[PDB]
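K.L.:
This is protein-v5.pdb (PDB, C-alpha atoms (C1' of nucleotides)).
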```pdb
ATOM      1  CA  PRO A   1      59.423 161.375 282.365
ATOM      2  CA  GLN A   2      57.951 159.254 285.139
ATOM      3  CA  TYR A   3      56.196 160.742 288.152
ATOM      4  CA  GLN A   4      56.037 159.235 291.689
ATOM      5  CA  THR A   5      53.477 161.777 293.004
ATOM      6  CA  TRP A   6      49.990 161.701 291.421
ATOM      7  CA  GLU A   7      49.393 165.414 291.981
ATOM      8  CA  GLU A   8      52.621 166.469 290.186
ATOM      9  CA  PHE A   9      51.534 164.278 287.278
ATOM     10  CA  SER A  10      47.875 165.375 287.077
ATOM     11  CA  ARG A  11      48.870 169.041 287.158
ATOM     12  CA  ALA A  12      51.597 168.744 284.500
ATOM     13  CA  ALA A  13      49.357 166.569 282.314
ATOM     14  CA  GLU A  14      46.494 169.064 282.215
ATOM     15  CA  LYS A  15      49.012 171.828 281.393
ATOM     16  CA  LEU A  16      49.973 169.780 278.337
ATOM     17  CA  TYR A  17      46.483 168.951 277.168
ATOM     18  CA  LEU A  18      45.667 172.679 277.223
ATOM     19  CA  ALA A  19      48.859 173.793 275.443
ATOM     20  CA  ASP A  20      47.525 171.874 272.400
ATOM     21  CA  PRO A  21      44.430 169.702 272.936
ATOM     22  CA  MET A  22      44.264 168.159 269.457
ATOM     23  CA  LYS A  23      47.776 166.693 269.453
ATOM     24  CA  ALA A  24      47.528 165.192 272.926
ATOM     25  CA  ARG A  25      46.231 161.723 273.800
ATOM     26  CA  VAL A  26      45.545 159.989 277.129
ATOM     27  CA  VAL A  27      46.167 156.289 277.622
ATOM     28  CA  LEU A  28      45.347 153.912 280.470
ATOM     29  CA  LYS A  29      46.634 150.306 280.694
ATOM     30  CA  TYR A  30      45.046 147.923 283.219
ATOM     31  CA  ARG A  31      46.616 144.635 284.065
ATOM     32  CA  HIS A  32      44.452 142.494 286.425
ATOM     33  CA  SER A  33      46.786 139.457 286.292
ATOM     34  CA  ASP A  34      49.871 141.387 287.500
ATOM     35  CA  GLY A  35      47.671 143.787 289.426
ATOM     36  CA  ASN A  36      49.157 147.025 288.135
ATOM     37  CA  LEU A  37      47.953 150.121 286.345
ATOM     38  CA  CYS A  38      49.664 152.622 284.068
ATOM     39  CA  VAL A  39      48.583 156.036 282.800
ATOM     40  CA  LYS A  40      50.163 158.038 280.001
ATOM     41  CA  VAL A  41      49.659 161.475 278.548
ATOM     42  CA  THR A  42      51.533 162.741 275.522
ATOM     43  CA  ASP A  43      51.637 164.888 272.390
ATOM     44  CA  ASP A  44      54.476 162.808 270.805
ATOM     45  CA  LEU A  45      56.940 165.584 271.652
ATOM     46  CA  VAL A  46      56.703 165.240 275.431
ATOM     47  CA  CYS A  47      55.648 162.089 277.278
ATOM     48  CA  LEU A  48      54.320 161.867 280.844
ATOM     49  CA  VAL A  49      53.757 158.623 282.704
ATOM     50  CA  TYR A  50      52.585 157.301 286.092
ATOM     51  CA  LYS A  51      52.433 153.635 287.217
ATOM     52  CA  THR A  52      50.791 152.193 290.379
ATOM     53  CA  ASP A  53      49.753 149.220 292.543
ATOM     54  CA  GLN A  54      47.549 151.443 294.731
ATOM     55  CA  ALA A  55      43.750 150.887 294.769
ATOM     56  CA  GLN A  56      43.303 154.389 296.209
ATOM     57  CA  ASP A  57      44.538 155.791 292.860
ATOM     58  CA  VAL A  58      41.683 154.164 290.907
ATOM     59  CA  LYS A  59      39.349 156.866 292.248
ATOM     60  CA  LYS A  60      41.934 159.611 291.758
ATOM     61  CA  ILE A  61      41.999 158.542 288.108
ATOM     62  CA  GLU A  62      38.214 158.525 287.607
ATOM     63  CA  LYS A  63      38.362 162.271 288.360
ATOM     64  CA  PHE A  64      41.247 162.861 285.981
ATOM     65  CA  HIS A  65      39.530 160.992 283.116
ATOM     66  CA  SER A  66      36.211 162.554 283.909
ATOM     67  CA  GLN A  67      37.639 166.100 283.872
ATOM     68  CA  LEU A  68      39.639 165.587 280.730
ATOM     69  CA  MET A  69      36.408 164.441 279.060
ATOM     70  CA  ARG A  70      34.744 167.677 280.149
ATOM     71  CA  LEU A  71      37.674 169.770 278.878
ATOM     72  CA  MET A  72      37.646 167.974 275.509
ATOM     73  CA  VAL A  73      33.977 168.718 274.995
ATOM     74  CA  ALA A  74      34.341 172.463 275.760
ATOM     75  CA  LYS A  75      35.065 175.063 273.049
ATOM     76  CA  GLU A  76      38.078 176.716 274.689
ATOM     77  CA  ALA A  77      39.359 174.669 277.607
ATOM     78  CA  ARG A  78      41.149 177.679 279.152
ATOM     79  CA  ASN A  79      37.673 178.960 280.103
ATOM     80  CA  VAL A  80      36.714 175.849 282.099
ATOM     81  CA  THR A  81      37.568 176.312 285.797
ATOM     82  CA  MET A  82      39.412 173.776 287.973
TER      83      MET A  82
ATOM     84  CA  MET B   1      36.192 148.457 264.388
ATOM     85  CA  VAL B   2      33.047 148.358 266.436
ATOM     86  CA  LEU B   3      31.863 151.897 266.998
ATOM     87  CA  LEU B   4      29.136 151.819 269.625
ATOM     88  CA  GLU B   5      26.785 154.209 271.342
ATOM     89  CA  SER B   6      27.676 154.712 274.981
ATOM     90  CA  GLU B   7      25.326 152.008 276.306
ATOM     91  CA  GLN B   8      26.761 148.985 274.483
ATOM     92  CA  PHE B   9      30.245 150.460 274.853
ATOM     93  CA  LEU B  10      29.952 150.348 278.657
ATOM     94  CA  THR B  11      28.433 146.893 278.335
ATOM     95  CA  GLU B  12      31.256 145.845 276.000
ATOM     96  CA  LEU B  13      34.029 147.512 277.967
ATOM     97  CA  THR B  14      32.765 145.690 281.021
ATOM     98  CA  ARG B  15      33.300 142.457 279.049
ATOM     99  CA  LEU B  16      36.903 143.265 278.091
ATOM    100  CA  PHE B  17      38.031 143.830 281.686
ATOM    101  CA  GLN B  18      36.574 140.490 282.759
ATOM    102  CA  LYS B  19      38.260 138.491 280.015
ATOM    103  CA  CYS B  20      41.715 139.913 280.802
ATOM    104  CA  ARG B  21      41.570 138.734 284.380
ATOM    105  CA  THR B  22      43.948 135.736 284.589
ATOM    106  CA  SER B  23      45.891 137.030 281.576
ATOM    107  CA  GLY B  24      45.803 140.115 279.296
ATOM    108  CA  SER B  25      46.219 143.937 279.223
ATOM    109  CA  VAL B  26      43.257 146.343 278.885
ATOM    110  CA  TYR B  27      44.094 149.606 277.128
ATOM    111  CA  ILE B  28      41.747 152.588 277.271
ATOM    112  CA  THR B  29      42.685 155.682 275.347
ATOM    113  CA  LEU B  30      41.064 159.109 275.178
ATOM    114  CA  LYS B  31      41.487 162.058 272.878
ATOM    115  CA  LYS B  32      39.700 165.214 271.654
ATOM    116  CA  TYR B  33      37.920 164.462 268.378
ATOM    117  CA  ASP B  34      37.248 166.394 265.111
ATOM    118  CA  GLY B  35      34.383 164.445 263.601
ATOM    119  CA  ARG B  36      36.675 163.114 260.818
ATOM    120  CA  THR B  37      35.345 160.192 258.789
ATOM    121  CA  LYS B  38      38.112 160.696 256.152
ATOM    122  CA  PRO B  39      41.756 161.760 255.768
ATOM    123  CA  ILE B  40      43.267 165.262 255.475
ATOM    124  CA  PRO B  41      44.279 166.454 251.938
ATOM    125  CA  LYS B  42      46.888 168.962 250.590
ATOM    126  CA  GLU B  43      33.632 170.334 258.593
ATOM    127  CA  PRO B  44      35.095 170.087 262.167
ATOM    128  CA  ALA B  45      33.005 169.923 265.367
ATOM    129  CA  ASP B  46      34.823 170.993 268.536
ATOM    130  CA  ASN B  47      32.517 169.474 271.168
ATOM    131  CA  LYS B  48      33.420 165.785 270.870
ATOM    132  CA  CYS B  49      35.849 163.425 272.548
ATOM    133  CA  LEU B  50      36.764 159.856 271.559
ATOM    134  CA  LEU B  51      37.160 156.756 273.713
ATOM    135  CA  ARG B  52      38.952 153.640 272.447
ATOM    136  CA  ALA B  53      39.323 150.342 274.279
ATOM    137  CA  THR B  54      40.928 146.994 273.469
ATOM    138  CA  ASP B  55      42.583 143.877 274.846
ATOM    139  CA  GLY B  56      44.681 143.350 271.703
ATOM    140  CA  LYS B  57      42.037 141.202 269.949
ATOM    141  CA  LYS B  58      38.673 143.035 269.973
ATOM    142  CA  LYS B  59      38.347 146.801 269.741
ATOM    143  CA  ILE B  60      35.546 149.132 270.761
ATOM    144  CA  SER B  61      35.056 152.861 270.803
ATOM    145  CA  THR B  62      32.510 155.625 271.250
ATOM    146  CA  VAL B  63      31.960 159.356 270.815
ATOM    147  CA  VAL B  64      30.830 161.658 273.612
ATOM    148  CA  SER B  65      29.460 165.246 273.149
ATOM    149  CA  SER B  66      28.364 167.847 275.708
ATOM    150  CA  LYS B  67      24.763 166.581 275.343
ATOM    151  CA  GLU B  68      25.852 163.321 276.911
ATOM    152  CA  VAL B  69      29.038 163.805 278.994
ATOM    153  CA  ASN B  70      27.341 164.612 282.273
ATOM    154  CA  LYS B  71      25.454 161.309 282.251
ATOM    155  CA  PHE B  72      28.383 159.311 280.827
ATOM    156  CA  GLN B  73      30.978 160.678 283.359
ATOM    157  CA  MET B  74      29.322 158.823 286.220
ATOM    158  CA  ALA B  75      28.312 155.591 284.498
ATOM    159  CA  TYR B  76      31.901 155.245 283.238
ATOM    160  CA  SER B  77      33.555 156.192 286.542
ATOM    161  CA  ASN B  78      31.483 153.462 288.191
ATOM    162  CA  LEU B  79      32.470 150.910 285.530
ATOM    163  CA  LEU B  80      36.124 151.768 286.307
ATOM    164  CA  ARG B  81      35.643 151.471 290.051
ATOM    165  CA  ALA B  82      33.796 148.137 289.675
ATOM    166  CA  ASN B  83      36.405 146.516 287.383
ATOM    167  CA  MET B  84      39.795 147.930 288.448
ATOM    168  CA  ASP B  85      39.628 146.083 291.751
ATOM    169  CA  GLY B  86      42.627 143.899 292.616
ATOM    170  CA  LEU B  87      45.322 146.245 293.914
ATOM    171  CA  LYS B  88      46.726 146.900 297.441
ATOM    172  CA  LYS B  89      44.730 148.600 300.249
ATOM    173  CA  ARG B  90      46.933 150.137 303.030
TER     174      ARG B  90
ATOM    175  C1'   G C   1      42.135 175.492 237.272
ATOM    176  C1'   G C   2      36.801 172.630 237.022
ATOM    177  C1'   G C   3      34.036 167.836 235.908
ATOM    178  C1'   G C   4      34.686 162.480 235.074
ATOM    179  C1'   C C   5      37.612 157.862 235.136
ATOM    180  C1'   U C   6      41.079 154.116 236.435
ATOM    181  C1'   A C   7      46.168 152.618 237.678
ATOM    182  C1'   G C   8      47.575 152.657 242.377
ATOM    183  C1'   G C   9      47.436 153.654 247.925
ATOM    184  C1'   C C  10      45.327 153.145 253.199
ATOM    185  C1'   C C  11      42.106 150.263 256.525
ATOM    186  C1'   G C  12      47.857 149.549 261.721
ATOM    187  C1'   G C  13      53.305 148.767 263.586
ATOM    188  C1'   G C  14      56.977 146.431 266.790
ATOM    189  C1'   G C  15      59.255 142.522 270.534
ATOM    190  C1'   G C  16      59.088 137.359 272.757
ATOM    191  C1'   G C  17      58.062 132.433 272.067
ATOM    192  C1'   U C  18      58.065 128.750 268.275
ATOM    193  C1'   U C  19      60.441 127.365 263.381
ATOM    194  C1'   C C  20      66.048 125.503 259.345
ATOM    195  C1'   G C  21      63.842 130.190 258.094
ATOM    196  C1'   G C  22      59.442 134.172 256.829
ATOM    197  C1'   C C  23      54.555 135.498 258.315
ATOM    198  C1'   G C  24      50.052 133.789 261.371
ATOM    199  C1'   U C  25      47.012 131.556 265.516
ATOM    200  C1'   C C  26      49.738 132.178 271.654
ATOM    201  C1'   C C  27      52.454 135.976 275.297
ATOM    202  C1'   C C  28      54.023 141.032 275.663
ATOM    203  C1'   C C  29      54.884 146.503 274.049
ATOM    204  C1'   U C  30      52.273 149.983 271.147
ATOM    205  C1'   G C  31      49.100 153.470 267.057
ATOM    206  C1'   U C  32      44.655 155.408 263.750
ATOM    207  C1'   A C  33      38.769 158.776 262.035
ATOM    208  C1'   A C  34      39.300 153.840 260.030
ATOM    209  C1'   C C  35      37.738 147.349 258.388
ATOM    210  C1'   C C  36      34.182 142.797 258.647
ATOM    211  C1'   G C  37      33.644 137.151 258.503
ATOM    212  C1'   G C  38      36.094 132.040 258.205
ATOM    213  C1'   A C  39      40.026 128.016 259.230
ATOM    214  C1'   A C  40      44.841 127.330 261.689
ATOM    215  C1'   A C  41      50.485 123.917 266.946
ATOM    216  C1'   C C  42      53.028 118.621 267.330
ATOM    217  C1'   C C  43      48.958 123.216 262.965
ATOM    218  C1'   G C  44      47.590 127.488 258.659
ATOM    219  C1'   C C  45      49.930 130.317 254.060
ATOM    220  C1'   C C  46      54.993 130.410 252.366
ATOM    221  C1'   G C  47      60.847 129.656 250.667
ATOM    222  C1'   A C  48      65.943 134.765 251.481
ATOM    223  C1'   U C  49      61.588 136.523 244.958
ATOM    224  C1'   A C  50      59.339 133.774 252.183
ATOM    225  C1'   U C  51      57.315 139.627 256.192
ATOM    226  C1'   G C  52      50.624 134.914 256.348
ATOM    227  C1'   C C  53      45.901 132.059 253.793
ATOM    228  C1'   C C  54      40.451 132.115 252.105
ATOM    229  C1'   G C  55      35.695 135.344 251.457
ATOM    230  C1'   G C  56      33.376 140.048 251.852
ATOM    231  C1'   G C  57      33.549 145.558 252.166
ATOM    232  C1'   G C  58      34.860 150.839 252.970
ATOM    233  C1'   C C  59      37.685 155.213 252.163
ATOM    234  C1'   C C  60      41.395 158.137 249.382
ATOM    235  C1'   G C  61      42.788 158.550 244.437
ATOM    236  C1'   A C  62      47.243 160.147 240.627
ATOM    237  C1'   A C  63      46.908 160.015 245.052
ATOM    238  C1'   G C  64      51.001 158.325 246.972
ATOM    239  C1'   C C  65      54.220 154.217 248.557
ATOM    240  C1'   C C  66      59.444 152.792 249.234
ATOM    241  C1'   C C  67      64.900 153.679 251.051
ATOM    242  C1'   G C  68      68.236 156.206 253.907
ATOM    243  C1'   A C  69      70.070 159.779 257.657
ATOM    244  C1'   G C  70      69.236 163.096 261.907
ATOM    245  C1'   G C  71      66.231 164.611 266.217
ATOM    246  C1'   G C  72      62.185 163.857 269.902
ATOM    247  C1'   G C  73      60.136 159.262 272.249
ATOM    248  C1'   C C  74      57.779 154.328 274.422
ATOM    249  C1'   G C  75      58.950 149.296 275.390
ATOM    250  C1'   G C  76      62.649 145.902 275.021
ATOM    251  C1'   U C  77      67.765 144.379 275.026
ATOM    252  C1'   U C  78      73.783 143.541 275.547
ATOM    253  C1'   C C  79      77.498 143.968 278.734
ATOM    254  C1'   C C  80      80.030 146.661 283.527
ATOM    255  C1'   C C  81      79.029 147.931 288.702
ATOM    256  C1'   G C  82      75.298 147.740 292.295
ATOM    257  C1'   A C  83      70.537 149.325 297.082
ATOM    258  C1'   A C  84      65.907 147.253 300.319
ATOM    259  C1'   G C  85      64.510 142.217 301.280
ATOM    260  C1'   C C  86      65.533 136.887 302.314
ATOM    261  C1'   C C  87      68.835 131.850 303.543
ATOM    262  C1'   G C  88      73.056 129.777 306.425
ATOM    263  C1'   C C  89      77.716 129.842 309.203
ATOM    264  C1'   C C  90      80.679 132.182 313.104
ATOM    265  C1'   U C  91      81.537 136.539 316.871
ATOM    266  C1'   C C  92      79.453 140.251 320.650
ATOM    267  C1'   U C  93      75.320 141.273 323.085
ATOM    268  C1'   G C  94      71.517 139.236 326.928
ATOM    269  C1'   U C  95      66.819 136.435 327.739
ATOM    270  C1'   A C  96      63.299 140.105 322.901
ATOM    271  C1'   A C  97      60.024 131.861 320.894
ATOM    272  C1'   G C  98      65.308 138.512 319.727
ATOM    273  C1'   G C  99      68.997 142.327 318.324
ATOM    274  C1'   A C 100      74.580 144.387 316.189
ATOM    275  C1'   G C 101      78.381 142.773 313.132
ATOM    276  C1'   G C 102      81.765 139.710 309.977
ATOM    277  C1'   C C 103      81.248 136.025 305.802
ATOM    278  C1'   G C 104      79.244 133.431 301.470
ATOM    279  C1'   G C 105      75.050 132.782 299.029
ATOM    280  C1'   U C 106      70.087 134.393 297.375
ATOM    281  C1'   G C 107      68.391 138.817 295.341
ATOM    282  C1'   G C 108      68.413 143.038 291.569
ATOM    283  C1'   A C 109      65.872 149.076 293.837
ATOM    284  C1'   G C 110      69.214 152.304 290.880
ATOM    285  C1'   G C 111      73.371 153.791 287.864
ATOM    286  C1'   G C 112      76.841 153.665 283.232
ATOM    287  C1'   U C 113      76.520 151.091 278.814
ATOM    288  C1'   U C 114      75.405 147.850 273.572
ATOM    289  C1'   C C 115      71.696 146.802 269.821
ATOM    290  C1'   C C 116      66.694 147.156 268.440
ATOM    291  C1'   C C 117      62.032 150.065 268.751
ATOM    292  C1'   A C 118      55.428 151.559 268.571
ATOM    293  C1'   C C 119      54.326 156.844 267.974
ATOM    294  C1'   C C 120      55.924 162.133 266.239
ATOM    295  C1'   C C 121      59.201 165.993 263.456
ATOM    296  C1'   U C 122      62.908 167.464 259.839
ATOM    297  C1'   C C 123      66.347 166.759 255.739
ATOM    298  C1'   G C 124      68.012 163.688 251.440
ATOM    299  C1'   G C 125      67.065 159.924 247.793
ATOM    300  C1'   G C 126      63.997 156.165 244.601
ATOM    301  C1'   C C 127      59.450 154.848 241.558
ATOM    302  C1'   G C 128      54.764 157.257 240.006
ATOM    303  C1'   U C 129      52.932 162.228 239.251
ATOM    304  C1'   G C 130      48.257 158.865 233.907
ATOM    305  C1'   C C 131      43.579 158.897 230.553
ATOM    306  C1'   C C 132      38.760 161.400 228.807
ATOM    307  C1'   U C 133      36.430 166.206 228.743
ATOM    308  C1'   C C 134      35.676 171.609 229.638
TER     309        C C 134
END
```
Re-express the file's structure as structure tokens.

P.N.:
Amino acid sequence: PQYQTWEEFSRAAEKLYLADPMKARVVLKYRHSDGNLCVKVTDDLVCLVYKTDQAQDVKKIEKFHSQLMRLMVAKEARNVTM
Amino acid sequence: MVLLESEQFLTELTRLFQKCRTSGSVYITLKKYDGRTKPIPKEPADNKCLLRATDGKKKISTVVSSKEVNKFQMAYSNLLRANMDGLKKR
RNA sequence: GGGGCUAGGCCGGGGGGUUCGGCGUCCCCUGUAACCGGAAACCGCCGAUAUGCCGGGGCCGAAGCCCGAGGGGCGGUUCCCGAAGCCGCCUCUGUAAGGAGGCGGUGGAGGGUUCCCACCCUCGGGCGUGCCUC
């Protein structure tokens, strides 16, 4: 479903990626003309989405992307600390 | 589809953002990666992740291993900061 | 079952707009490990046998592709109500180049609905499941 609160999203998203990292994908859609942003995480079974017009969130996202990258590159992601 | 090493990717991604400014969506998608160059019948490295980006017309992508994450993390984060301007500011 | 072929297959899919209509260049929503180059709106290739055209290439390989139904699911959409915010009229405040109502607009947060639907899973069909050799 959709999330209003970035934290509640980011936490539930990471839970998903871990549950099965190969099936999950992470999408980001940026729309300069309308000035909005959308982020999606899913494994085709469950979908999780967050949409914003909040420039503060840009930075919040850099961290999310940047951690996911780190988790992808690790052998077992349940051994990487958060 | 243009597979690039991180440098040109960041150069090319930069471009995309800037051309979808008055009109257009920029999609960036990210996903753990096998190594697969072929299908799966009826090999795999576990230290790779894949980045795809497009505006609907041109597509770019790149592959990022542990060797090169730590550098790429920052460069990319900065690209995002520098191009996803244009929202509200409280 | 092993080694060779070649028939095939994949290299994306939807919605809007526009068209008598189908694709495409445009706008939008969306996938893959996965194409490259060229031309194209009062236009490019087509005619319900239409679901683009021209040129180059890669992979898989008898692999598979097609049709239907069910479930998950994203974006649309039909119709039935409807919240913030704004415009104007008239009350009551009482001096705030303002407030509180009533009324009709404007407006569409969010419900309940109709028909589609990227992406994923299951079941059921259809056509193929070949040749040479060991």

K.L.:
I need the residue set behind the PyMOL selection byres ((chain B) within 9 of (chain C)) for this file; please write it as a ChimeraX atom specification.

P.N.:
/B:1,24,33-39

K.L.:
Next, write the just-selected residues to a file, as a PDB file, in the coordinates of the input, keeping C-alpha atoms as the atom set.

P.N.:
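Writing done, so here's again_21.pdb:
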```pdb
ATOM      1  CA  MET B   1      36.192 148.457 264.388  1.00  0.00           C
ATOM      2  CA  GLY B  24      45.803 140.115 279.296  1.00  0.00           C
ATOM      3  CA  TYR B  33      37.920 164.462 268.378  1.00  0.00           C
ATOM      4  CA  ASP B  34      37.248 166.394 265.111  1.00  0.00           C
ATOM      5  CA  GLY B  35      34.383 164.445 263.601  1.00  0.00           C
ATOM      6  CA  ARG B  36      36.675 163.114 260.818  1.00  0.00           C
ATOM      7  CA  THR B  37      35.345 160.192 258.789  1.00  0.00           C
ATOM      8  CA  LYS B  38      38.112 160.696 256.152  1.00  0.00           C
ATOM      9  CA  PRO B  39      41.756 161.760 255.768  1.00  0.00           C
TER      10      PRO B  39
END
```

K.L.:
Rank nothing, just name the residue among A:32, A:60, A:51, A:15 nearest to chain B, using all atoms listed in the file.

P.N.:
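Under the stated criterion, the closest residue is A:32.
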
K.L.:
Run the PyMOL selection byres ((chain C) within 12 of (chain A)) on the file and write out the hits as an NGL selection string.

P.N.:
:C and (28-32 or 71-74 or 118-121)

K.L.:
So that I can see what lies close to residue B:21, please list as an NGL selection string the residues with an atom at most 12 Å from it, counting only C-alpha atoms (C1' of nucleotides) and leaving out residues fewer than 6 positions away in the same chain.

P.N.:
(:A and (30-36)) or (:B and (14-15 or 55 or 83-86))

K.L.:
Keeping only C-alpha atoms, write those residues as a PDB file, in the frame of the given file.

P.N.:
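The result, written out as result.pdb:
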```pdb
ATOM      1  CA  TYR A  30      45.046 147.923 283.219  1.00  0.00           C
ATOM      2  CA  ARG A  31      46.616 144.635 284.065  1.00  0.00           C
ATOM      3  CA  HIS A  32      44.452 142.494 286.425  1.00  0.00           C
ATOM      4  CA  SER A  33      46.786 139.457 286.292  1.00  0.00           C
ATOM      5  CA  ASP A  34      49.871 141.387 287.500  1.00  0.00           C
ATOM      6  CA  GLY A  35      47.671 143.787 289.426  1.00  0.00           C
ATOM      7  CA  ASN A  36      49.157 147.025 288.135  1.00  0.00           C
TER       8      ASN A  36
ATOM      9  CA  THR B  14      32.765 145.690 281.021  1.00  0.00           C
ATOM     10  CA  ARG B  15      33.300 142.457 279.049  1.00  0.00           C
ATOM     11  CA  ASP B  55      42.583 143.877 274.846  1.00  0.00           C
ATOM     12  CA  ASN B  83      36.405 146.516 287.383  1.00  0.00           C
ATOM     13  CA  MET B  84      39.795 147.930 288.448  1.00  0.00           C
ATOM     14  CA  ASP B  85      39.628 146.083 291.751  1.00  0.00           C
ATOM     15  CA  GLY B  86      42.627 143.899 292.616  1.00  0.00           C
TER      16      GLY B  86
END
```

K.L.:
For this file, the PyMOL selection byres ((chain A) within 6 of (chain B)) selects which residues, as number ranges by chain?

P.N.:
A: 22, 25-33, 35, 53-55, 62, 66, 72-74
